Amino acid sequence: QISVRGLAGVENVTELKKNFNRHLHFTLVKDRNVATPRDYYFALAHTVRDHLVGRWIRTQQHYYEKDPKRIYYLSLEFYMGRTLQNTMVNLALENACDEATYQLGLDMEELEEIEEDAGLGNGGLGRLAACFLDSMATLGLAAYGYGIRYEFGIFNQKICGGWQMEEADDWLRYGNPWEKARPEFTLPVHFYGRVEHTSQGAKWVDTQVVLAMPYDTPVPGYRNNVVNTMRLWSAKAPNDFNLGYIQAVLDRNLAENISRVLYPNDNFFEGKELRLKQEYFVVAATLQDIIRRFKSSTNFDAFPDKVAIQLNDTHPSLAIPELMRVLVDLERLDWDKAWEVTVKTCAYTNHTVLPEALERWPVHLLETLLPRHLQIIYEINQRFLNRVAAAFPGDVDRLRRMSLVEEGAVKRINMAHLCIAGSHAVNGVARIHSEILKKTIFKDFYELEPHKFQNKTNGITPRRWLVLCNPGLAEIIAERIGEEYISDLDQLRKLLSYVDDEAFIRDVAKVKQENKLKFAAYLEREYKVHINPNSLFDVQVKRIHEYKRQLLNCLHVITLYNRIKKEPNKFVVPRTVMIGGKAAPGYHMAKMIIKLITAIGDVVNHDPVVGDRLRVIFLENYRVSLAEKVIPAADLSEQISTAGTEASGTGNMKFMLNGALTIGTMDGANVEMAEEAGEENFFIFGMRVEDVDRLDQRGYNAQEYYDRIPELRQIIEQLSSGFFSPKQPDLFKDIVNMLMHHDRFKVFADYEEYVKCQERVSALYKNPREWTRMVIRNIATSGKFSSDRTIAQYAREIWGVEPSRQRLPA
Ligand SMILES: Cc1nnc([C@@H]2O[C@H](CO)[C@@H](O)[C@H](O)[C@H]2O)o1
Ligand SMILES: *Cc1c(COP(=O)(O)O)cnc(C)c1O
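Residues numbered from 1 in each chain as written, not as in the entry; some residues may be left out. Chains lettered and ligands numbered in written order. Heavy atoms only, no water.

Structure determination for the deposited model, as stated in its record, used X-ray crystallography, and the stated resolution is 1.92 Å.

Asker: Just give me the short version of the packing of helix α23 (residues 588-604) against helix α30 (residues 733-741), but keep the residues and values in it.
Answerer: As a packed pair, α23 and α30 sit with axes 10 Å apart at the nearest point and diverge in direction by 115 degrees. Classed by the angle they form, the pair α23 and α30 counts as roughly perpendicular. The two elements α23 and α30 cross, and the hand of that crossing is left-handed. Listed contacts from α30 to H588, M589, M592, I593 and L596 of α23 are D734, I735 and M738. Residue composition of the contact of α23 with α30, grouped by class: six nonpolar, one polar and one charged. (Axes fitted to C-alpha atoms, helices over the stretch in contact; angles between N-to-C directions. Helix = DSSP H or I, 4+ residues; strand = E, 2+ residues; numbered from the N terminus. Parallel < 35°, antiparallel > 145°, perpendicular 65-115°, else oblique. Left-handed = near helix turned anticlockwise from the far one by under 90°. Contact = heavy atoms within 4.5 Å. Nonpolar A, V, L, I, M, F, W, Y, C, P; charged D, E, K, R; others polar.)

Asker: An account of the pairing of strand β4 (residues 143-148) is needed here, citing residue identities and associated values.
Answerer: Burial analysis of β4 places six of its six residues in the buried class, the great majority of the element. On β4, burial covers both faces: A143, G145 and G147 on one face and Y144, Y146 and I148 on the other are all buried. Pairing of strand β1 (residues 70-74) with β4, which is carried by four bridges, proceeds in the parallel orientation. Pairing of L74 across the sheet is with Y146, part of β4. (Buried < 20%, exposed > 50% of the residue type's maximum accessible area, 1.4 Å probe, protein only. Pairing = 2+ DSSP bridges.)

Asker: I'd like a rundown of the site of ligand 1, residues and numbers included.
Answerer: With respect to spatial proximity, 14 residues lie near ligand 1, and among them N267, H351, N458, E646 and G649 are the closest. Between ligand 1 and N267, the relevant distance is 2.6 Å, taken from an oxygen atom to a side-chain nitrogen or oxygen of the residue. At 2.7 Å from an oxygen atom of ligand 1 is found a side-chain nitrogen or oxygen belonging to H351. Burial of ligand 1 by the protein chains amounts to 95% of its free accessible area of 400 Å². (Near = heavy atom within 4 Å. Polar contact = N/O pair within 3.5 Å; in protein donor to acceptor, adjacent residues only side chain to side chain. Areas by Shrake-Rupley, 256 points an atom, 1.4 Å probe, with all protein chains shown as cover.)

Asker: Outline the nonpolar core, listing residues and values.
Answerer: With 255 residues, the main nonpolar core has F281, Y485, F748 and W799 as its most contacted residues. In terms of residue count, the dominant contributor to this core is helix α9 (residues 273-295) (11 residues). Lining this core are residues from two domains, each supplying at least three of them: domain 1 (1-459 + 787-810) and domain 2 (460-786). For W799, the residues in contact, after removing those within four places along its chain, are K69, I71, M136, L141, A308, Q310, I791 and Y794. (Core = buried A, V, L, I, M, F, W, Y, C linked by side-chain atoms within 4.5 Å. Domains from an automatic or database assignment.)

Asker: Go over the packing of aromatic side chains with me, naming the residues and quoting the values.
Answerer: Per the stated rule, a full pass over the model turns up 25 aromatic pairs. Between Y41 and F42, the aromatic rings sit 4.9 Å apart at their centres with planes inclined by 70 degrees, giving edge-to-face as the arrangement. Judged by its relative accessible area of 3%, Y41 falls in the buried class. Judged by its relative accessible area of 11%, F42 is buried. Here the aromatic cluster, defined as three or more aromatic residues joined through ring pairs, consists of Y72, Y144, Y146 and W233. Over the ring of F185 we find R231; its NZ or CZ atom is 5.4 Å from the centre of that ring. (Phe/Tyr/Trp six-rings, centres within 6.5 Å; stacked < 30°, edge-to-face > 60°. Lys NZ or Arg CZ within 6 Å of the ring centre and 35° of its normal.)

Asker: Residue-level account of the site of ligand 2, with values.
Answerer: With respect to spatial proximity, 15 residues lie near ligand 2, and among them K542, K548, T650, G651 and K654 are the closest. Taking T650, its main chain carries an N or O atom lying 2.7 Å from an oxygen atom of ligand 2. At 3.1 Å from an oxygen atom of ligand 2 is found a main-chain nitrogen or oxygen belonging to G651. Relative to its unbound accessible area of 390 Å², ligand 2 is 97% covered by the protein chains. Judged by the fraction of its atoms near the pocket grid, ligand 2 is located in the largest cavity. For the shell around ligand 2, the elements supplying multiple residues, two or more each, are α24 (624-630) and α25 (651-657). In the shell around ligand 2, the residues fall into six nonpolar, five polar and four charged. Formed jointly, the shell around ligand 2 draws a minimum of three residues from each of two domains, domain 1 (1-459 + 787-810) and domain 2 (460-786). (1 Å grid on protein atoms, 1.4 Å probe; cavity = no way out; pocket = protein on both sides within 12 Å on 5 of 7 lines; lining within 4 Å. Sits in = over half its atoms within 2 Å of the grid points.)

This is the structure in structure tokens:
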């Protein structure tokens, strides 16, 4: 069909067809008379899977032979999404499989929709890990992703009566064809117990044991025949466990609950024991696996030369004291030597500055669950503070500020401080974020060890986020500049010479229109809700959170509605405002925000006077698979977090690469995106970080904005009086009270500039040609945001390895 999808050779289509029938028969045990679409999906999955194994085996054999430095990316989250299409794309099998299934009388797109999203993540943090694995494989790095195989991933969101309802994500229900259980590599993980101090060394004894069983999933690079591994651990109780008889067997669930479910929190720390167990579980099993692999390559001096461990935030921070524990207690290395090795091996990536998201574990918890680790942490702290005291003599406050141990109500361990002390590199995820780290929360550490601090601006993989979700766009681009850009996104700059090309302008606009039509259709198919494909698609999809300010968007929507009601027969650019995202189950305000959005839709979407000029839709169950559908269809990307709160953001990059213009604050990567495309091609508004600080020094008083802005006042009064909740007049009292008295994110402060900016957006949309030309300028300069660039920087500046675009013989 289209170029970028590979060749549909005669021999290969024939081979695919026979292997498809072979799996349907032998693997699924079905014939064409009783097979269902799901059976066909699996038949296709196994067929595509077969093409991976050969490459997977030799890639691993290759690393064994050449023994390069290994990169271990530790994360409690890997938001992978679907695997079928991504695998076909990276193996250049998409057209062949499309043809083969066509000849078999099947629609491949229909089959792809059957695959369950592997939702082992909450949002940006987990998705970043997924994009990183894709880039590391594409850049030929000997990398391994290590995490937990949650039985239940992020919950499926159902909207009932306008409220979010959560239901278990039983993603393994029908089986997972992509994983390979490796029970032979099961490892023991210890919990509780006590520490015994003997003649030579301390011993951790009387522990409870939980087995870690690994499941391997292949990670194919883009057309380079490299297939890396993502190893996820599953909790298994030993067989002598708790060994009435029946109860003992049933209680095995206690130990196995460790890998049962993903904590559904995005940017929020919840200090629960189960979560701590998950964090240690992944770290303990992973480190043993890493050391075992290292030994089969005594000389731990070379350990840092053959191993790099990247900590995705502080979630796997226990890797530092666990590594020390193994080297000191088990390998018998002297402390100083063990510490040198640990520091040179570990690197830490910070993803937030929000106080409520930073991990601070109560000492009593570590004391009971991991007694030896607590002792090691105290020793690390003692030695670290001695270094601080020597560098800043007499500065007693600095000592207490930098301590890994926080005193107060209950003593806690600041995991971020632990990570900085035990890592040779600490990085932020966007230029502004990394600067904020050095100027604020990590200022003391930066002054002590400036060399440790770096920046690694985030990125997204252009395979899943362009070729896979937007083939139409990838095609018209390839038509002009070739396919090389798919693994070298910087080449998109060549599109700048087509900004005045009438044919290209027309094609770019055509692709967007087609995507919108397709999405508008999908909305009626699976969700039954009519929308106007000719309107501007204004979308804000991301987790629901106060700092992301979906509320600011809500205020704008109500403003638009009130303006139409005031002057009904006045022309306004038609808009379809789409907001989607999940709220953490225990985050009350976030759940109230979802209700507000649907409530607004209830009024706006049924007002005769508004007509098809304004529609407000809440996109249910936003997840990776849905992102692949809505992002290509978007015209306007809402990235409106309060300046200084969104460390980077990555959804912003996805929209830019897919032809949407951006309206946003100078926050996270938005700053670099605007810098790359040129501020004139971006819709920037609101306070800058400096303005926010000025407001805080003076004191934020929302009442002031309410008193000076009539339109804002009207909105608040509508919310308070029950205009959007007739049967329950005070339903949104908590929202109004927060907005008026304790809004940490200054929604009102950016209201005026936001509305004004939105007017300039509508003005430009009225001029199709100029809107598209600005779009081209954005797409053409989105190259810097490829995770290939991000990974290449991590590789060279942190891991000490060189990326390679060399194909392996297939
Ligand atoms: C903590 C934490 N939890 N989620 C995040 C997210 O991680 C993403 C990838 O770096 C960033 O782009 C987001 O701004 C950050 O909020 O940080
Ligand atoms: C990319 C992505 C995110 C991150 O979006 P931001 O707007 O940066 O918060 C979250 N969820 C999903 C499903 C994504 O694909």
